[PDB]
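Data block below; observations after.
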Amino acid sequence: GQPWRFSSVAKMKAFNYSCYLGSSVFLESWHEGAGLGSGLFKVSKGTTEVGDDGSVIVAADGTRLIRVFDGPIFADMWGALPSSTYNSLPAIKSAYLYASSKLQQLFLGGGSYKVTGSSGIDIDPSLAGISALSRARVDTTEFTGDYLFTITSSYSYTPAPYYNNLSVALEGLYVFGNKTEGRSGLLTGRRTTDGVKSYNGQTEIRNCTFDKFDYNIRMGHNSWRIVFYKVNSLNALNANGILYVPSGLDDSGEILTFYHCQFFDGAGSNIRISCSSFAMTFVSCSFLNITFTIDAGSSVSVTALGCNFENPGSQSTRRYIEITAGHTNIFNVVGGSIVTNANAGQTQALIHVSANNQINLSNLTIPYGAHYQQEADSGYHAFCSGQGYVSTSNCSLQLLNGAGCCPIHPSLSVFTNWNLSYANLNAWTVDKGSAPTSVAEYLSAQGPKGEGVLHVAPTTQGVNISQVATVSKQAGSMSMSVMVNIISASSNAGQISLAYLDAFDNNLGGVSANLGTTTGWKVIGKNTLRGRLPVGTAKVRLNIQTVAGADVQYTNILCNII
Amino acid sequence: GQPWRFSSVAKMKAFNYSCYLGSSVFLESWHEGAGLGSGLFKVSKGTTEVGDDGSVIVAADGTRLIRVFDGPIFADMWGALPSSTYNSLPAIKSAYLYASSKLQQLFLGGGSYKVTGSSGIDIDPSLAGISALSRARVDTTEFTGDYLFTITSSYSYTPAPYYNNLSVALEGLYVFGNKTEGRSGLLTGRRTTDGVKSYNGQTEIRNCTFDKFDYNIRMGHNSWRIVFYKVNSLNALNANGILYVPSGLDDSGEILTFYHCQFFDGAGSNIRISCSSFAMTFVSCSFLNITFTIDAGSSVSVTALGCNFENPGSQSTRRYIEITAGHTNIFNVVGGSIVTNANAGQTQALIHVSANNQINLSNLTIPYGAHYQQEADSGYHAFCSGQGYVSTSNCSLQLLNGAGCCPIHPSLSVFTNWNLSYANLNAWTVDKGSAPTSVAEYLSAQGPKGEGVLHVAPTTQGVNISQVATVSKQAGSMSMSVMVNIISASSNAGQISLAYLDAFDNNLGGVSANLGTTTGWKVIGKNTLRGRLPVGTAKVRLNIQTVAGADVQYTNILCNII
Amino acid sequence: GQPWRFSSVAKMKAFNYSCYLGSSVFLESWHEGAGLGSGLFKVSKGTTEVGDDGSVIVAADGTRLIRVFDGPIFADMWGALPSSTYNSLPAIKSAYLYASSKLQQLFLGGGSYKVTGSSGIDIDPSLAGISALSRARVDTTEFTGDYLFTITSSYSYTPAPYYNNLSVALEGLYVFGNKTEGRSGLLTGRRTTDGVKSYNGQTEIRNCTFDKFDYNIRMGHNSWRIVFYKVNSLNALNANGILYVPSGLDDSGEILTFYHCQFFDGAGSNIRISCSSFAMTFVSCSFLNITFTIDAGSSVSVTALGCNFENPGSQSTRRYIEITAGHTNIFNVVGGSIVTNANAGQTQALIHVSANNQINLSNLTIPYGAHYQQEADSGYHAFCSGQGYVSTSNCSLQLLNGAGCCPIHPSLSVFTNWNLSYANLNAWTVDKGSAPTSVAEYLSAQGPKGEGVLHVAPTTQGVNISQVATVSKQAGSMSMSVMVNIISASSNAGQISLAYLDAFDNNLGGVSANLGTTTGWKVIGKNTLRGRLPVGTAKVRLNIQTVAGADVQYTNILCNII
């Protein structure tokens, strides 16, 4: 006795089983003409159950047909089909709720899906997932709600660590969306603090794409570790909408990871980290056109191994990474090339440290271009700004490259008195040859940003300003940069020199630059002052000379080794 | 002619094919009522083969039914069904043995399995695997044996490197177990040295969980590279049972890797590494409540990028990482936050180096708490102990944080004579103002642990002890710590000061502390002696002062920059 | 009405549907006896379409049978079967072309495949892939063509970033091949510069194996990021055939990554990187018997975290990593053990830097053996060579180990004048006790490679040559190495000493060596001159002594700390 065949589920429901003596029936498709989700049912003929659609379906007569499952469970089996104007959220929700019992893995079919409603999907990593192998796409333009996907675990501590990482939680989902207020994408954890303390560890989210949301990815309470494997979010609505963490989080943030992640195409959108005791790692990921901002009350540690910072096409002057306000937090970049393309000026500092915060760079190369003009906004011409402290080791700082190179941060200055903060002539040796009365005094409260300026007014003879510093870590780079203002110019009043000496005061070489003629506050150190120290150097001597007549003034006279 | 239908395999075996003229038959399920593993057979009717259950099954008459395979091969097809009291090991073994021929991938069905017997499973990475997508769970409580899973390759060199990494060896397996002697989990390689030198490279083990075993994971002979992708083992029986490597291994240990691995919930269990020329890498993994111990005869190199060390809830005083005994081996932590929670005292050193061994830390932050009391066990109050050497670069060493901060290791002390090992008053400048006869001599064989103490007994005038050291790497942290004993106290005999000077001996600032009144061996340097060096500092001056009257003694007078 | 059954596709084509009134038909296998790729068709009976084989097949009568698809799409369904002499390339090409429409994922069946023809496969990451779960193997010995696999995306910018990483592009493929000119394997991007600028980002290539090709993997135009997850290529035809990048690439090379990759068994084959602004990262991968060569016009940045360099069995003297010619590029090794096995001499430098190029090493151990003889080819006995600059931090440089240890690179020498490049007696203090006329002058244009030699000819009294240097980073290693030539030998004219001093000139220890008797240019510093600096050392003093009578000469007198 071969089983009966049904073209559509409506026909199966219509047919009465009073006189039908059969063990099983076979449906070719749940929808007429779709040809998807074929299934095998067995008639119970007397028992009563919940009566779901995909499983234990109910007919008009009353008998319920129990589905038999072979291999993986498909979510399109219930009611889901690829379309552009057919709702499929109830079918997916019912399939996931059924898969929660006798926990297994839930798979989505191919094609573009459409979902609408007012409720999101509660993904439990310890129970099931929405993993889709064949590049599933869902549409959420018509859908309205706070969150489409929220990931949390109901189990407190007993079964969650035992079986949480056996399979991924969400794979192969491309979500559409529109730019409206109050509608976001995926939340990790729980939106509310009350309830049971969730334990969702080792939860995977791989090969998924979110876009056109107010908050692409948001971190909630009790989401301490998550593995994002190659996820990219783009085109957020407002600033800080790509990856958000509220400051009111509790007991969360234990070594989150990103594996070849990406954040790009940010039309006025940022990424903000604001939490206490929050650890994050990036491995071999590049995010571009994104301003990575950090303002946390307590220590937040973010590390980046092989992270690429760039901007392929943009005329904006946004800065790459900044720390706005914090007590003490760290930023780590290891072995990731940084490249800046052409722009119509920058007038900004690419990376910013404030208060007591620190960024550490290692195995890095520092690019330079002819369109930085960093000195316009933050005084000294350098690659950084702010009162924070920057420590770097083994950085390349490529030499040559047309215009030249620039210092990274003034905190690495070998000279103890560069910005004239000592309020006197300390640490600077002045020599007025032959006739006295040459003016080389120091006045304060006048400068590009308020720092003191050390002007020299020599008459009928030159004056020499010399200082000696000690080098560290053997060979390095010089990366000179000095702000120079010339109130009166009659000739080439230049000849600013830097010399290398060994431990026994023997000359090994040097570089010299000439002060220009323009009146405005120029920068000297773009070229003809860079180089690599000869092997065996011990000390660096700075000399500043002015010819008789024209009087000048200098500021931010700083070296920056390696 | 539609094929015949069979509800159960027993019915198919019973039915005689003498008068049956058919090409194929269809079974709905191998077990009656299970509804799993439906299959299609074709009758051979005359040929003779081995007569396995899943493939080329044999009937009572004698004819053998050859199974036809479409798509992937399912292991539950043979005899396996999800249950709690039904044995399934023979079915899995037969399925894997059949999959070894015409090598393919073997998939397990969903649900909780049960296995028992006395033999383990020999997984050959170059032939097949036990990859299970839908979160397969097996039970091994009733099972007895040396090893449930042993991974090795029979091929020597010809076909093994060619096709070994094409697919994973074991995926989606959660194993149960009980705490009994002699029963362990997964072994990599061969348990015996004799035989053919196996070549099992690029073998994957992903999304699997082991627990309640004597040895959760053990490494055997000829297991030189293995990729553990998000594996966690917990609740071992004895110490060192989570990840074991015997010292008798040969030609093994070439750059093993762990990707977001985990070791936690260790109830008196450790992880031990003891091998010669053994390389291991950790990437973005956190193991907690685990004492990572290393005692190897020769060089063992373990690196950790983004590794988190912590203890969420525990009152134990266990130490995180230790090197017990070795010739010369290295430990590497890069960009992984270390956090210590509240405890009722520590009385131990969190990380330990012995003999000539070294740990290197970089891009790290050093936490501090008010419940360390590290000075109780290993003399000086510091974050380390032992005769080993510790080198760190770019470490954060957060400042402030309530009580303060502590030095990491004494080997970074800038002062050449801190523990009074010179057996004299060298490197210390003593000044007894006005009247002589003030006693500041040095006596040995008396101290907290046996090191010498430099006591001062000044009368009717104070005595000053001064030393000068040179700073490196520009700005850093101070992290003062000194053991102080006061035999007699009459007033505030304090005023221990530290001052910063530039290259030209100009004052830039300083920090001072006051010696207490309690008789016992206190520590000074928890607070009011920490700070960040001003930009441009060159030298650090240490001054120790004692008021006339009370006599004191100091030990472990050490600075620790960065 | 049960559907009709067809054993073979030829029988289905032969049967006429004029009088057949049926809705669907079922084929057991496309080939007779194969028993693979069973499928369900529905008769259109009047419509006209393209008439492909796997989909919408066409019969002899004229009616076309539309296939119905359930779950994933299988590529073996069209015409592919595992064999050794049956062509399957047209079937795979047709299956991929059909899968491009209504984009989904394409899966290959098990068994060894055979492909032949003259055209390659155009894999579009944004459309479909050739992912094969069950270890698919294809044979390309008979196949002839420029490239078997070429990966590129036709989309410019609109839909490519939106949906590119949803699934892998190629998984589980083992390709065979023969060593012939003009036949290679997988190319990324486009072979020609003209056309549309492709955007193929986040494209995965995992668990695949290539061998016996002229160019195993080649990078083409517009291939800026690719994720190679555990790929290994071996046995290339010519040199530089394992992983090739032409110098004519445009707008490509943004942070490429390798995850546990491998390159081994290279029979006269190399890996060459030649491109401008090219970023590459290696994570936990080991490549052996491969000479990693870099010669790029502009800055190329390659980083390696946990990379293992070794040679299990080989008598060759090839060098591990070299930079032939470049402006300024960087090489980064972090936390990856380097081990060298036994050999019948080396006579070469293992790692090579040229011109202004730099390699940075960190968290590394430097092995040593008794069969290096590095001084034979490149003058000084060291672990490096060339005019480039090497910077290292936190390196282990294991001590002891039989013969001893060797310096890494001369650019870290603490002495300013080691190779006698000053053309005089500067930086060297000479003391001729008692009688003058002892000869210690310097002559040039004579030496092992042309550098000057400082010979001493003392009579009736010894002469002492002393120098003082400053130590950095506190404790380190010495790693002495000096070339010594003895023209005349009458006794033990040795006693070359190195001493440690603190900041106040107090002895802390030292190491001494004795010059031999052999006439030839020997090396001194293999043993009895290594050690770890005591805690608190500040200066290192070098002393060279010669007894009266025999006259000697020294060259490359260099220390190398850490």
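Within each chain, counting starts at residue 1; across the structure tokens, chains are named A, B, ... in the order shown, with ligands numbered 1 upward in that order.
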Residues of chain B were defined as contacting chain A if any atom lay at most 7 Å from it, counting only C-alpha atoms; please report them as a PDB file with N, CA, C and O atoms, in the first residue's frame.
ATOM      1  N   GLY B  35      11.198   5.934  13.090  1.00  0.00           N
ATOM      2  CA  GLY B  35      11.017   6.878  11.997  1.00  0.00           C
ATOM      3  C   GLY B  35      12.276   7.628  11.626  1.00  0.00           C
ATOM      4  O   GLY B  35      12.223   8.835  11.355  1.00  0.00           O
ATOM      5  N   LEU B  36      13.416   6.939  11.608  1.00  0.00           N
ATOM      6  CA  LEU B  36      14.695   7.562  11.305  1.00  0.00           C
ATOM      7  C   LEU B  36      15.502   6.652  10.392  1.00  0.00           C
ATOM      8  O   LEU B  36      15.352   5.428  10.419  1.00  0.00           O
ATOM      9  N   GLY B  37      16.368   7.264   9.587  1.00  0.00           N
ATOM     10  CA  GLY B  37      17.264   6.504   8.731  1.00  0.00           C
ATOM     11  C   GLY B  37      16.583   5.721   7.631  1.00  0.00           C
ATOM     12  O   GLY B  37      16.928   4.556   7.407  1.00  0.00           O
ATOM     13  N   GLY B 109      23.289  11.991  13.699  1.00  0.00           N
ATOM     14  CA  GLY B 109      21.998  12.617  13.863  1.00  0.00           C
ATOM     15  C   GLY B 109      21.875  13.352  15.185  1.00  0.00           C
ATOM     16  O   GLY B 109      22.784  13.366  16.015  1.00  0.00           O
ATOM     17  N   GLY B 110      20.715  13.979  15.376  1.00  0.00           N
ATOM     18  CA  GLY B 110      20.460  14.710  16.597  1.00  0.00           C
ATOM     19  C   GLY B 110      20.039  13.810  17.744  1.00  0.00           C
ATOM     20  O   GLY B 110      19.865  12.601  17.599  1.00  0.00           O
ATOM     21  N   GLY B 111      19.875  14.426  18.907  1.00  0.00           N
ATOM     22  CA  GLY B 111      19.445  13.720  20.092  1.00  0.00           C
ATOM     23  C   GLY B 111      20.614  13.205  20.918  1.00  0.00           C
ATOM     24  O   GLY B 111      21.770  13.198  20.488  1.00  0.00           O
ATOM     25  N   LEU B 133      26.623  17.913  12.773  1.00  0.00           N
ATOM     26  CA  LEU B 133      26.151  19.290  12.678  1.00  0.00           C
ATOM     27  C   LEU B 133      25.124  19.623  13.756  1.00  0.00           C
ATOM     28  O   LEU B 133      25.181  20.704  14.355  1.00  0.00           O
ATOM     29  N   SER B 134      24.185  18.720  14.018  1.00  0.00           N
ATOM     30  CA  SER B 134      23.023  19.033  14.852  1.00  0.00           C
ATOM     31  C   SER B 134      23.252  18.625  16.308  1.00  0.00           C
ATOM     32  O   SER B 134      22.462  17.892  16.904  1.00  0.00           O
ATOM     33  N   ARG B 135      24.348  19.129  16.875  1.00  0.00           N
ATOM     34  CA  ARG B 135      24.614  19.094  18.315  1.00  0.00           C
ATOM     35  C   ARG B 135      24.416  17.690  18.898  1.00  0.00           C
ATOM     36  O   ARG B 135      23.570  17.453  19.759  1.00  0.00           O
ATOM     37  N   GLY B 172      30.765  18.791  16.760  1.00  0.00           N
ATOM     38  CA  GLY B 172      29.452  18.702  17.378  1.00  0.00           C
ATOM     39  C   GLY B 172      29.208  17.487  18.246  1.00  0.00           C
ATOM     40  O   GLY B 172      28.141  16.869  18.148  1.00  0.00           O
ATOM     41  N   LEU B 173      30.168  17.125  19.094  1.00  0.00           N
ATOM     42  CA  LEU B 173      30.024  16.000  20.008  1.00  0.00           C
ATOM     43  C   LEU B 173      30.143  16.481  21.445  1.00  0.00           C
ATOM     44  O   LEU B 173      31.163  17.066  21.826  1.00  0.00           O
ATOM     45  N   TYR B 174      29.109  16.220  22.240  1.00  0.00           N
ATOM     46  CA  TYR B 174      29.131  16.453  23.679  1.00  0.00           C
ATOM     47  C   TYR B 174      29.166  15.099  24.368  1.00  0.00           C
ATOM     48  O   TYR B 174      28.215  14.319  24.250  1.00  0.00           O
ATOM     49  N   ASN B 207      34.006  22.580  17.989  1.00  0.00           N
ATOM     50  CA  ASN B 207      32.656  22.558  18.557  1.00  0.00           C
ATOM     51  C   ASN B 207      32.355  21.232  19.252  1.00  0.00           C
ATOM     52  O   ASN B 207      31.332  20.589  19.005  1.00  0.00           O
ATOM     53  N   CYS B 208      33.256  20.822  20.140  1.00  0.00           N
ATOM     54  CA  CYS B 208      33.088  19.591  20.898  1.00  0.00           C
ATOM     55  C   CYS B 208      33.359  19.858  22.372  1.00  0.00           C
ATOM     56  O   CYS B 208      34.116  20.761  22.734  1.00  0.00           O
ATOM     57  N   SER B 284      42.920  34.333  21.418  1.00  0.00           N
ATOM     58  CA  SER B 284      41.629  34.850  21.876  1.00  0.00           C
ATOM     59  C   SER B 284      40.859  33.825  22.707  1.00  0.00           C
ATOM     60  O   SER B 284      39.643  33.672  22.571  1.00  0.00           O
ATOM     61  N   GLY B 306      45.795  37.758  23.259  1.00  0.00           N
ATOM     62  CA  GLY B 306      44.454  38.046  23.743  1.00  0.00           C
ATOM     63  C   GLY B 306      43.900  36.998  24.683  1.00  0.00           C
ATOM     64  O   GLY B 306      42.730  36.615  24.564  1.00  0.00           O
ATOM     65  N   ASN B 308      42.728  35.770  28.403  1.00  0.00           N
ATOM     66  CA  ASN B 308      42.151  36.355  29.604  1.00  0.00           C
ATOM     67  C   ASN B 308      42.322  35.396  30.774  1.00  0.00           C
ATOM     68  O   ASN B 308      41.941  34.225  30.685  1.00  0.00           O
ATOM     69  N   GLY B 335      48.329  41.265  24.842  1.00  0.00           N
ATOM     70  CA  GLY B 335      47.022  41.885  24.680  1.00  0.00           C
ATOM     71  C   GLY B 335      45.867  41.131  25.301  1.00  0.00           C
ATOM     72  O   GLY B 335      44.784  41.065  24.707  1.00  0.00           O
ATOM     73  N   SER B 337      43.659  40.968  28.884  1.00  0.00           N
ATOM     74  CA  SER B 337      43.432  41.578  30.188  1.00  0.00           C
ATOM     75  C   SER B 337      43.471  40.534  31.297  1.00  0.00           C
ATOM     76  O   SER B 337      42.937  39.431  31.158  1.00  0.00           O
ATOM     77  N   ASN B 363      51.694  44.748  25.932  1.00  0.00           N
ATOM     78  CA  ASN B 363      50.351  45.302  25.760  1.00  0.00           C
ATOM     79  C   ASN B 363      49.416  44.803  26.861  1.00  0.00           C
ATOM     80  O   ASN B 363      48.309  44.323  26.608  1.00  0.00           O
ATOM     81  N   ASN B 394      55.654  47.964  27.166  1.00  0.00           N
ATOM     82  CA  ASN B 394      54.393  48.643  26.860  1.00  0.00           C
ATOM     83  C   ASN B 394      53.275  48.257  27.819  1.00  0.00           C
ATOM     84  O   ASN B 394      52.095  48.459  27.485  1.00  0.00           O
ATOM     85  N   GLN B 398      47.953  50.171  35.484  1.00  0.00           N
ATOM     86  CA  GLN B 398      47.020  51.237  35.826  1.00  0.00           C
ATOM     87  C   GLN B 398      47.387  51.908  37.146  1.00  0.00           C
ATOM     88  O   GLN B 398      47.812  51.255  38.103  1.00  0.00           O
ATOM     89  N   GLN B 474      61.749  56.569  28.596  1.00  0.00           N
ATOM     90  CA  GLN B 474      61.078  57.857  28.831  1.00  0.00           C
ATOM     91  C   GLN B 474      60.048  57.672  29.946  1.00  0.00           C
ATOM     92  O   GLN B 474      60.417  57.206  31.037  1.00  0.00           O
ATOM     93  N   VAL B 535      57.480  64.131  31.420  1.00  0.00           N
ATOM     94  CA  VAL B 535      58.176  64.013  30.144  1.00  0.00           C
ATOM     95  C   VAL B 535      59.519  64.724  30.233  1.00  0.00           C
ATOM     96  O   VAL B 535      59.594  65.905  30.598  1.00  0.00           O
ATOM     97  N   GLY B 536      60.589  64.005  29.897  1.00  0.00           N
ATOM     98  CA  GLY B 536      61.926  64.557  29.909  1.00  0.00           C
ATOM     99  C   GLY B 536      62.770  64.200  31.112  1.00  0.00           C
ATOM    100  O   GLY B 536      63.910  64.671  31.204  1.00  0.00           O
ATOM    101  N   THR B 537      62.254  63.392  32.036  1.00  0.00           N
ATOM    102  CA  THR B 537      63.039  62.987  33.192  1.00  0.00           C
ATOM    103  C   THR B 537      64.187  62.076  32.768  1.00  0.00           C
ATOM    104  O   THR B 537      64.103  61.352  31.771  1.00  0.00           O
TER     105      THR B 537
END
**OP:** Considering only C-alpha atoms, return as a list in words whatever protein or nucleic-acid residues lie within 10 Å of residue 235 (chain B), sequence-local ones (same chain, fewer than 4 positions apart) excluded.
**Re:** residues 178, 179, 210, 211, 212, 213, 214, 216, 241, 242, 263, 264, 265, 266, 267, 268 and 269 of chain B
Store the residues picked out above, limited to C-alpha atoms, as a compact mmCIF listing (two decimals), in the first residue's frame.
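As a result, result.txt now contains:
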# COMPACT_ATOMS: atom_id res chain seq x y z
CA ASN B 178 31.88 9.84 35.46
CA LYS B 179 34.85 10.45 37.76
CA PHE B 210 34.41 16.83 27.11
CA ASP B 211 33.81 16.64 30.86
CA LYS B 212 34.00 14.40 33.93
CA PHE B 213 37.06 12.46 32.75
CA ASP B 214 40.36 11.55 34.38
CA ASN B 216 39.97 15.27 29.25
CA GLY B 241 43.77 16.16 33.93
CA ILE B 242 42.44 18.86 31.61
CA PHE B 263 39.46 25.58 30.32
CA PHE B 264 37.24 26.36 33.31
CA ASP B 265 35.40 24.91 36.32
CA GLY B 266 38.47 22.96 37.39
CA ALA B 267 37.71 21.26 40.71
CA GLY B 268 41.29 20.55 41.74
CA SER B 269 42.50 20.04 38.17
**OP:** Pick out each residue of region 102-175 of chain B that DSSP on the backbone tags as strand (DSSP E or B); I need them as JSON, numbers by chain.
**Re:** {"B": [106, 107, 112, 121, 122, 123, 136, 137, 138, 147, 148, 149, 150, 151, 170, 171, 173, 174, 175]}
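Going from CA of residue 310 (chain B) to CA of residue 382 (chain B) covers 18.6 Å.
Using only C-alpha atoms, the shortest contact distance between residue 549 (chain A) and any of A:85, A:233, A:434, A:461 is found at A:461.
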**OP:** Go ahead and compute the interatomic distance for CA of residue 63 (chain B) and CA of residue 6 (chain B), in Å to one decimal.
**Re:** 16.4 Å
Subject >> Neighbour list for residue 509 (chain A) as a ChimeraX atom specification, cut-off 10 Å, only C-alpha atoms, skip fewer than 4 positions in-chain >> reply: /A:498-501,533-534,537
Subject >> Best match for closeness to residue 407 (chain C) among C:317, C:446, C:485, C:556, counting only C-alpha atoms >> reply: C:556
**OP:** Please identify all polymer residues within 7 Å of residue 272 (chain B), counting only C-alpha atoms, omitting same-chain residues fewer than 3 positions from it, and present them as a PyMOL selection string.
**Re:** chain B and resi 240+243-245+292-294
Selected residues written out with N, CA and C atoms, as a CSV table (one decimal), in the first residue's frame:
chain,number,residue,atom,x,y,z
B,240,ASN,N,46.0,18.1,36.9
B,240,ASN,CA,46.7,18.0,35.6
B,240,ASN,C,45.9,17.1,34.6
B,243,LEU,N,44.4,18.9,30.2
B,243,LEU,CA,45.2,18.9,29.0
B,243,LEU,C,46.6,18.3,29.3
B,244,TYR,N,46.9,17.1,29.0
B,244,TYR,CA,48.1,16.4,29.5
B,244,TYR,C,49.0,16.0,28.3
B,245,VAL,N,50.3,16.2,28.5
B,245,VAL,CA,51.3,15.8,27.6
B,245,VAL,C,52.4,15.0,28.4
B,292,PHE,N,48.0,27.1,35.2
B,292,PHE,CA,48.8,26.7,34.0
B,292,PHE,C,50.3,26.5,34.4
B,293,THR,N,50.6,25.2,34.6
B,293,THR,CA,51.9,24.8,35.1
B,293,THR,C,52.8,24.2,34.0
B,294,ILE,N,54.1,24.6,34.0
B,294,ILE,CA,55.0,24.1,33.0
B,294,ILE,C,56.3,23.6,33.7
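Atom pair CA of residue 347 (chain B) / CA of residue 489 (chain B): separated by 27.1 Å.
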Please identify all polymer residues within 6 Å of residue 223 (chain A), counting only C-alpha atoms, omitting same-chain residues fewer than 5 positions from it, and present them as a PDB file with C-alpha atoms, in the first residue's frame.
ATOM      1  CA  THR A 188      23.343  40.296  22.499  1.00  0.00           C
ATOM      2  CA  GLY A 189      22.102  39.447  25.982  1.00  0.00           C
ATOM      3  CA  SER A 252      29.695  41.688  31.023  1.00  0.00           C
TER       4      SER A 252
END
Subject >> Residues within 12 Å of region 38-49 of chain C, only C-alpha atoms, excluding chain neighbours under 5 positions, as number ranges by chain >> reply: A: 28, 33, 35-36, 38; B: 40, 68-71; C: 3-9, 12, 16-33, 54-59, 61-70, 73-74, 76-79
